[PDB]
Structure formats: C-alpha cells, structure tokens
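**Q** Encoded as structure tokens, here's the structure I'll be asking about.
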Amino acid sequence: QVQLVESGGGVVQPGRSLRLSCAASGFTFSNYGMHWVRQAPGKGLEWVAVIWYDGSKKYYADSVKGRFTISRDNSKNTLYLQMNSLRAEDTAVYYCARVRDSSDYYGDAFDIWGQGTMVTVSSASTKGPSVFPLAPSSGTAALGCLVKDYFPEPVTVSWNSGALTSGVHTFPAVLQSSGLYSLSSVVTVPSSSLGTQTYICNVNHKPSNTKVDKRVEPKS
Amino acid sequence: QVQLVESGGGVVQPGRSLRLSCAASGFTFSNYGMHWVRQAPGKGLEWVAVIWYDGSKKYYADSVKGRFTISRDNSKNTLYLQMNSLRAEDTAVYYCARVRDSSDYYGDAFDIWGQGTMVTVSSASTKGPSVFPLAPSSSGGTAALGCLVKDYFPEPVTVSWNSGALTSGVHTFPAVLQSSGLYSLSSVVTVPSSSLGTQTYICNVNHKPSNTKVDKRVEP
Amino acid sequence: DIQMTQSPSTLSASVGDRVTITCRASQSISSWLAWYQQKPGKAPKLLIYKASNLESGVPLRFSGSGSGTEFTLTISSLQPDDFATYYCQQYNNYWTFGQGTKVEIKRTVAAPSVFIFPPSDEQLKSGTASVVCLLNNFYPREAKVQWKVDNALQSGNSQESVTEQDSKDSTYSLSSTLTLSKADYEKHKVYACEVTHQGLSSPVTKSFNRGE
Amino acid sequence: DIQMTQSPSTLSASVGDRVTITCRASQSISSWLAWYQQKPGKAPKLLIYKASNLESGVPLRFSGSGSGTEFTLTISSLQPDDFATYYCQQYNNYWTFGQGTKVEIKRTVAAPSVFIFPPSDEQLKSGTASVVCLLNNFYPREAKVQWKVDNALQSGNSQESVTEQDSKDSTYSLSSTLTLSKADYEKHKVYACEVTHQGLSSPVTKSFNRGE
Amino acid sequence: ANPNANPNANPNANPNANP
C-alpha cells in the first residue's frame, strides 16, 4: 500500500511561518522526486515546488520563490516545505505528489498523491458563531438556522440532536469580507406539524468550544 | 594514448570464481562511469554491469544479479568485476567500456573499449588432442589431405605443416565444440598430386595448456 | 508561462453516455500532458500520462488523445463512479493545470421552491441584519437570484452558497444572503428575492413587508 | 526491456557501393541510439552516437538517421576497411544491442571443390569414427552439405565449420564432419556427402565404399 | 539547467563527473 500523508497544516496569521511535512511509505522514497501542489478554496490546482531524488536540485514557482523552501529526509521518508512570510493568498490545501518513474531524460506525471493538509492564513482571531432562527411563514414549509460570524472553519449542524435528517440542507460556508465565516442550515417539514413538533438546530464549533442549541419556532 | 586493458580471465569449472581487472590510462579514470560488456563465442553483445564515476551507484543485468559485483579504485585507475558462482553461459569475452562525455544530464554511448579478456566456464577437464590423418586417394591434378585434431580442452591449438615450411593452400578450420564438451577442428591443404609420393607431409599440432605436441604423417 | 484551457467548464451526462473533454494549451507541449480526476474533498487521481497512455489500475474506458496544443479526454461509457471533476496538466515548461471540467449527473428539469426569511429580532438587537432567501431542490444548477429592497435592485451586498448534487434525487439547493445594516434595514419596507430558473414559466418573487 | 532488431543479418557488397543497415526498437527510444563497428578478434569501435552524431575521427561516409523506433546506418561509399560487423545499441532503458549485421565482400561465383575422407584406421581402434567432407574455395557461403549413409539421409550427427573470407581471393571453405560410433560405422557400406551450391549445375556427390 | 528533466533515480543518467 503506497501512500503519502501530509500533515502540519493549521491556522496562521500573515507574516508568520509554518512547516508542512509529508510522510511516505510503501515505496522507495529516496528514488523519487517529489512535488508540492496547493489548491485554494474552490479553485484549480497550482504548482509550488519540486525537489530531486537526492535533493541536489530545487525549483520553485514564481508565486512562492524566496519565501518557500522545499527539503527532504530520505532516512525517515519525509518531504518538507518551509513556508516563510505567509500571505492570505497562500491559503490552500497542500498536496505532495510523486513523479512517475521512467528511465527517460524527462519527468512524468504525478502518479501518487496525498490526502492534503489545509493551511489557512488570516489575521482574524478565533471567534464563536451566533445562531439566529429562520422562522417559517404561512403543504410543506421551510425553516432553518443562520450560523453567522465564526472563525475558523468548520462548524457542524444537526437538527433535533441528530433525530432529523431528511430534507436537511447545510450549505457550505462563505467567507465574509470581515474575515469571518457564515453558513446556513435549512430543512423542509410538513406545515401541519409546525405546531405539534418543535425544531431545534445544534451548532457545534469545536475550535472555540462553542455549543449552541437554538429553538426555531414561528414568530407571532 | 587513451586505452583500456582487461585482464584476469581464464578457464574454470562451474561454481568457481574469477575477478577481472581493467586498467585505464591516458584519461581521468576518476571522472568517467564504466561498463562491463560480454560477448559469447560467435554471438552479439550483452551488457553486464555499470558503475558510477565515484562508485556510488551500480546496476547489473538480471542474468548476473547476486553473483557479480562491480567496483573501482580511482587511486589505481582500475575497474573490477567479481564473478562468483560461474555458469557455463557466462563463457564469453568480457570488455570494459567508457561512457562518453556529454554536457547533458543523460548518459551516452560507450566510446572506448578494451581488447577484452576470455572467460571460459566448462565442466570438462583439461585433455590433450588426438591427431588422425586425412589420407588422399586417387581430382584433376591436385589432391587434398589434412589432419583431424579431435577431442581437446581447452582452446586453443596451433597447427602448422612441414614445420612451417608449407603455408600456401593451407586451411585451418575454426574449432567446433562437440556435445561431449571437447573441441575438435580440421586442418587441410591442397597440394599437387604429382608430389604425393616424392614429398612427405607432416602436420604439427600444439596444445600448450596441456603440453601436447604431435607430428602426424599423412600418407595414402 | 503556459496556460491550459479546458472546455467545457460543466457537463451534464447520464450513465452510459460517451463523454469528451477538450484541453487546449497556449503553445505546443508535444505529448507532455496528463489527465487527473478529482472528487470533492478527495485527492486528484492520475488517469492519463503522456497524452495517450493509460495509467495502470485505471479502467480501459478512459482514453486520451491529442498532441501539440489540442487534447481530448474521452470516457467511452460513463459510470456512476465517474461523476467528478477532471483536470489536464502540462509538464513541458514547469507545471500548470487547467481550471477543470465537472461531469455532472443529468436529470429532468425541476423548478425550485423559494423561501424568504426576514432577519431575526435577536440579530437586530445586535446591530446587523441579514435576509436569507432559499432555492430548494432544483435542476439544472443555473439560477439567477436578485434582491429588491423597496423595488431597488441591490447588487454587491449578497452572497450565494450552493450544495452538491443530492445523492438521492440529484438536485441542487442554493442560499442567497442579503446583508444590510440595521440602520438601512429599519427604514425600508419591502424586501424580495426574484428567482429566474429554467423550470419557471416566469420569474418567481417571494417577498415580505417588514413587520408583518 | 527494450529489444533491438537489425535487418539484414548478412550483406554482400563491393568497394564503392552504398550500404544501408536498419535497426528497429521494440518501443520508442527517442534518439538514444549508437552504432559500433567490430572486426574479428578486435573490440567494437564507436561510430555514431545519439542516432545522428558522428564520433570524431570517423570518415564522413558513415551517416546516421532515425528517431523513435526506426533507425538507419548508411555507408555512402564502401571502402575496403569497412568490411566488418555492425551493431546498434540503445541507451535509453538500460543497455541492449542488436544481433549485428555482417558486411561481406562480394566476388564472382565460384563452385566448391569437394573431397571426402573415410575415417582413419587409427581412429577406429579408439571406438569412434569421423567422416570428413571438405568444400574448398567457393563463393557465396550458402551451401548445403547432406550426408547419406547407405543412401539414408543423416541428420543430427554432423557439424560444419567455415573459415573467414580469404584475404586474397575472398572465398570460403567449409568442413562437414560426420561423427559415428565404430558399431554404427561397421554396419553400413556406402558413405557420401551431397553438396548443393549455386556454382554447381546439379548437386555433387562424393562417396566411398567402406574398405578400399 | 532544465527543471522538467527526470527528477528520479535513473540508471541511464550521466554516470560521469559533470559539475
């Protein structure tokens, strides 16, 4: 089972530094050149750096040159990436990829990838979310919860302590111009049961130890 | 003068070991990667092994892997080849070749070869040859006669006629390896049939590896 | 710097269809091209290397053609496991990728169910106000949501968010969030989102008067 | 493993002729191909490297073309020094060689002179018996020597040996040696070698009855 | 000086002393 495992990602502020490590197993890591490839939230793929099989040659993308430094430890089967003077645009998931092996003069495609590691660069400090109810108004009615202003990602939302799943839509978060995240979670229910059944959403934001349960009832 | 000189080959039985040495001069042996290439009797070229200029990398052919070991001494300007657990199919002439110098990152052709060294692996023990006469009888004005040099090992033998006095019209055939593991050749000469009675013909077989010298009279 | 351009950007197809994706390079790259497959949340997966070669372990229904500047990834017969996003990559002059083609599941047209949500009284006590309008279970994804505050078309204050295709009915759901200040929210009366979709005869407007 | 296949294996030519040798690869090797010249007893000589580059000191009559899988060594005008064996070699995926092309000197047709030799009385005393039949000074090499023991075509018990082309007249000489046991030799009466050659009108038979 | 050259271990690489 040949695999690559990135690690070391997290939340950092602009100007700060972070170090990513990618641990190889199942193959001979000292015979392969490696790459770093990052993928910004909701965008395509971007190349970062390449290192030779013996670390004798290193090349960097113009968008990280001088700031990033690639390295490897062939005795522990580990690839590294030192990221200095981090910027907001550097926010992405970082993959390590393996160059397919050939005896030819030129390199080949990336035939093995890791699961990635998320690096988030934002000056915003940690903040818990506020939960506001989306009340239904006059055969099927809709209601939900607004999980506004939190940092960083992610949050988890459940309804009736996990009892309610059918018809639930938890939308992907969007990054507000303030640097804080905000998502919504909605669910369609029979309008006849609006009075009989009570509906409660369960927001959980582990990075700030914030747990909120908000009752969603029709306003008068 | 830029040259390569192989040495250390000989005749051995299967399972025995040999070490080949190839002495370089005229160039900087410490800067070139070297190869070993062998050529079985009457066959094409086969690659054996390669060693880097500093001996840091080695690759071998699958037919010698585990049995052969390539090495080099940059302080003696010498390439080596340790041949352990020899087999009959290892019988060949072994050349050392120099990788051509190029400014690119890829390897080149073998631009300089040595004269080779003969390695013979055979279970047959040393045996001297028997010499049988090929007598002429009764074709146009010139008749043919010769000597049969049957059952010897190893190669080679030398055959002359009338103690070197007779050379014109002589054909000494290349030896062939019989199914017994012993070699056998013939040596013939065309002579005027009028001198069949006047002149006496004697062939001179010489097998130095067994100290065998035979003079055989060929008469009708 | 070589730039890769994929077409189309989105592609609807059903199981069993023959799917063709094209990838164009800003300059000749010989046959130094690769094709990758990526599903949401997972890693990319090598499919085709050197323009046409099939990566070991990848099903034979994946073929790659092309040389120079025009290339083609072809799925001879689409399978339920093949709905994902596909990237092409050149490795002739450094390494650049295309923006990707998403292969989506095709289904019958389904009109969205529209719901508008006034800002909560609790959020108004804080100072800000956000108005949410929901598009529930629709296909195709292409939809247009416009906010009208007192019949003044708003632009710049809204943010949309869309769900992935439903595992059950293969539909989408969208949420547009208009965010105002309490100052500007308390002064106006009528708030509406106008939804345009292929399944709707005419555009549908859901609205409310503030304080009703 | 990449395999190289040369064509042809043998080639007759005179001084001044244009000689073309082809070398084909089991898969693409780009331009990583070399050409070597080898004469009997000597070492190989590098002639051409990277398909087309001529090694310094090699006459310009040696040219090389090709890329991918099909390559060609061309001798624009043959010279007396160029009669040898030529090998092609790839150095793209490890190192393999072609089986070789032997360039032979052409001359006019010359029929062989056949001589048959019964086994010596001395050899029969040992237990074995060898019957030698000689073909002296002929061209081309292609000859068929068949043994018929009491008019029964023998196969498997004979071995041929051929000399290199004569330095003076460029002719060949062959020796076919039938080796039998004293028991098998004493049971049959008539022994003959039947020689088929281009220079012979009809096949030539030289024979003897055992005991003359 | 080509970054797209083979970054892996290669038996057919330059076995000389090219600095």
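In the structure tokens, the first chain shown is A, the next is B, and so on; residue numbers restart at 1 for each chain, and ligands run from 1 in the order shown.
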Hey, list the chain B side of the contact with chain A: 12 Å cut-off, only C-alpha atoms, answer as a PDB file with N, CA, C and O atoms, in the first residue's frame.

**A**
ATOM      1  N   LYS B  57      26.786   4.441  -7.409  1.00  0.00           N
ATOM      2  CA  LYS B  57      25.632   3.761  -7.982  1.00  0.00           C
ATOM      3  C   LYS B  57      26.095   2.603  -8.851  1.00  0.00           C
ATOM      4  O   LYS B  57      27.080   2.720  -9.583  1.00  0.00           O
ATOM      5  N   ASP B 104      25.081  17.113 -21.130  1.00  0.00           N
ATOM      6  CA  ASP B 104      23.693  16.996 -20.713  1.00  0.00           C
ATOM      7  C   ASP B 104      23.571  16.066 -19.509  1.00  0.00           C
ATOM      8  O   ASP B 104      24.541  15.456 -19.054  1.00  0.00           O
ATOM      9  N   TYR B 105      22.349  15.964 -18.989  1.00  0.00           N
ATOM     10  CA  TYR B 105      22.095  15.190 -17.780  1.00  0.00           C
ATOM     11  C   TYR B 105      21.942  13.700 -18.047  1.00  0.00           C
ATOM     12  O   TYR B 105      21.742  12.936 -17.095  1.00  0.00           O
ATOM     13  N   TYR B 106      22.044  13.268 -19.298  1.00  0.00           N
ATOM     14  CA  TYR B 106      21.799  11.890 -19.688  1.00  0.00           C
ATOM     15  C   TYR B 106      23.109  11.189 -20.026  1.00  0.00           C
ATOM     16  O   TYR B 106      24.108  11.820 -20.380  1.00  0.00           O
ATOM     17  N   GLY B 107      23.089   9.858 -19.908  1.00  0.00           N
ATOM     18  CA  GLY B 107      24.246   9.065 -20.261  1.00  0.00           C
ATOM     19  C   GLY B 107      24.413   8.918 -21.761  1.00  0.00           C
ATOM     20  O   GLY B 107      23.493   9.145 -22.545  1.00  0.00           O
ATOM     21  N   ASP B 108      25.613   8.516 -22.161  1.00  0.00           N
ATOM     22  CA  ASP B 108      25.993   8.481 -23.568  1.00  0.00           C
ATOM     23  C   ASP B 108      26.378   7.058 -23.973  1.00  0.00           C
ATOM     24  O   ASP B 108      26.186   6.096 -23.223  1.00  0.00           O
TER      25      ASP B 108
END

**Q** Within 6 Å of chain B, which residues of chain D show up? Give each one with its shortest atom-to-atom distance in Å (one decimal) and the two atoms involved, counting only C-alpha atoms, rows by chain then rising residue number, as a tab-separated table.

**A**
residue	atom	partner	partner_atom	distance
D:43	CA	B:115	CA	5.3
D:46	CA	B:111	CA	5.3
D:99	CA	B:44	CA	5.3
D:163	CA	B:173	CA	5.8

**Q** Could you write out the selected residues, including C-alpha atoms, as a PDB file, in the first residue's frame?

**A**
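The result, written out as again-v6.pdb:
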ATOM      1  CA  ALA D  43      36.955  -4.619 -29.963  1.00  0.00           C
ATOM      2  CA  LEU D  46      32.032   3.734 -31.641  1.00  0.00           C
ATOM      3  CA  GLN D  99      22.152  -9.054 -33.207  1.00  0.00           C
ATOM      4  CA  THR D 163      36.651 -20.170 -42.498  1.00  0.00           C
TER       5      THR D 163
END

**Q** For a quick check of understanding, using only C-alpha atoms, which of D:130, D:38, D:209, D:154 has the smallest distance to residue 175 of chain D?

**A**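 Ranking D:130, D:38, D:209, D:154 by distance to residue 175 of chain D, first place goes to D:130.
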
**Q** As a PDB file with C-alpha atoms, in the first residue's frame, please: the residues near segment 151-153 of chain B (cut-off 12 Å, only C-alpha atoms, same-chain neighbours under 5 positions excluded).

**A**
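around_38.pdb was written with the following content:
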ATOM      1  CA  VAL B  11      39.403 -21.297 -17.728  1.00  0.00           C
ATOM      2  CA  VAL B  12      37.429 -22.516 -14.702  1.00  0.00           C
ATOM      3  CA  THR B 120      35.653 -19.999 -20.196  1.00  0.00           C
ATOM      4  CA  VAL B 121      33.391 -21.946 -17.825  1.00  0.00           C
ATOM      5  CA  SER B 122      33.092 -25.649 -18.632  1.00  0.00           C
ATOM      6  CA  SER B 123      32.839 -28.830 -16.582  1.00  0.00           C
ATOM      7  CA  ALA B 124      35.246 -30.547 -18.991  1.00  0.00           C
ATOM      8  CA  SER B 125      38.683 -31.193 -17.529  1.00  0.00           C
ATOM      9  CA  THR B 126      41.896 -30.467 -19.411  1.00  0.00           C
ATOM     10  CA  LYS B 127      42.628 -33.007 -22.139  1.00  0.00           C
ATOM     11  CA  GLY B 128      45.152 -33.167 -24.957  1.00  0.00           C
ATOM     12  CA  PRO B 129      44.121 -33.801 -28.556  1.00  0.00           C
ATOM     13  CA  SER B 130      44.407 -36.925 -30.657  1.00  0.00           C
ATOM     14  CA  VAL B 131      45.534 -36.463 -34.266  1.00  0.00           C
ATOM     15  CA  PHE B 132      44.119 -38.632 -37.058  1.00  0.00           C
ATOM     16  CA  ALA B 175      37.328 -25.376 -33.745  1.00  0.00           C
ATOM     17  CA  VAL B 176      33.801 -26.586 -33.005  1.00  0.00           C
ATOM     18  CA  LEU B 177      32.561 -27.638 -29.564  1.00  0.00           C
ATOM     19  CA  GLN B 178      31.348 -31.235 -29.610  1.00  0.00           C
ATOM     20  CA  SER B 179      28.440 -32.392 -27.458  1.00  0.00           C
ATOM     21  CA  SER B 180      30.999 -34.052 -25.152  1.00  0.00           C
ATOM     22  CA  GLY B 181      32.357 -30.663 -24.066  1.00  0.00           C
ATOM     23  CA  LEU B 182      35.596 -31.118 -26.031  1.00  0.00           C
ATOM     24  CA  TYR B 183      36.774 -29.156 -29.056  1.00  0.00           C
ATOM     25  CA  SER B 184      37.692 -30.570 -32.458  1.00  0.00           C
ATOM     26  CA  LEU B 185      38.983 -28.985 -35.668  1.00  0.00           C
ATOM     27  CA  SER B 186      40.478 -29.999 -39.003  1.00  0.00           C
ATOM     28  CA  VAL B 205      49.631 -29.869 -33.593  1.00  0.00           C
ATOM     29  CA  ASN B 206      50.467 -27.931 -30.424  1.00  0.00           C
ATOM     30  CA  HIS B 207      48.207 -27.693 -27.353  1.00  0.00           C
ATOM     31  CA  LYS B 208      50.104 -25.538 -24.859  1.00  0.00           C
ATOM     32  CA  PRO B 209      47.525 -25.695 -21.990  1.00  0.00           C
ATOM     33  CA  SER B 210      48.249 -29.458 -21.857  1.00  0.00           C
ATOM     34  CA  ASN B 211      51.876 -29.521 -23.125  1.00  0.00           C
ATOM     35  CA  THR B 212      50.897 -31.680 -26.104  1.00  0.00           C
TER      36      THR B 212
ATOM     37  CA  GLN D 123      40.587 -43.723 -35.032  1.00  0.00           C
ATOM     38  CA  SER D 126      39.721 -45.997 -30.319  1.00  0.00           C
ATOM     39  CA  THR D 128      34.758 -43.593 -32.598  1.00  0.00           C
ATOM     40  CA  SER D 130      34.701 -39.462 -38.073  1.00  0.00           C
ATOM     41  CA  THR D 179      30.873 -38.489 -36.246  1.00  0.00           C
TER      42      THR D 179
END

**Q** Could you work out how far atom CA of residue 183 of chain A lies from atom CA of residue 148 of chain A, giving the answer in Å with one decimal?

**A** 6.4 Å

**Q** Give me the residues within 7 Å of residue 3 of chain D as a PDB file with N, CA and C atoms, in the first residue's frame, counting only C-alpha atoms and dropping any in the same chain fewer than 3 places off.

**A**
ATOM      1  N   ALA D  25      13.514  -0.839 -32.864  1.00  0.00           N
ATOM      2  CA  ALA D  25      13.360  -0.964 -31.422  1.00  0.00           C
ATOM      3  C   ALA D  25      11.943  -1.403 -31.077  1.00  0.00           C
ATOM      4  N   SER D  26      11.823  -2.239 -30.042  1.00  0.00           N
ATOM      5  CA  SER D  26      10.519  -2.718 -29.599  1.00  0.00           C
ATOM      6  C   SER D  26       9.644  -1.608 -29.032  1.00  0.00           C
ATOM      7  N   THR D  96      20.911  -2.435 -24.384  1.00  0.00           N
ATOM      8  CA  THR D  96      20.754  -3.628 -25.201  1.00  0.00           C
ATOM      9  C   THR D  96      21.314  -3.361 -26.591  1.00  0.00           C
TER      10      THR D  96
END
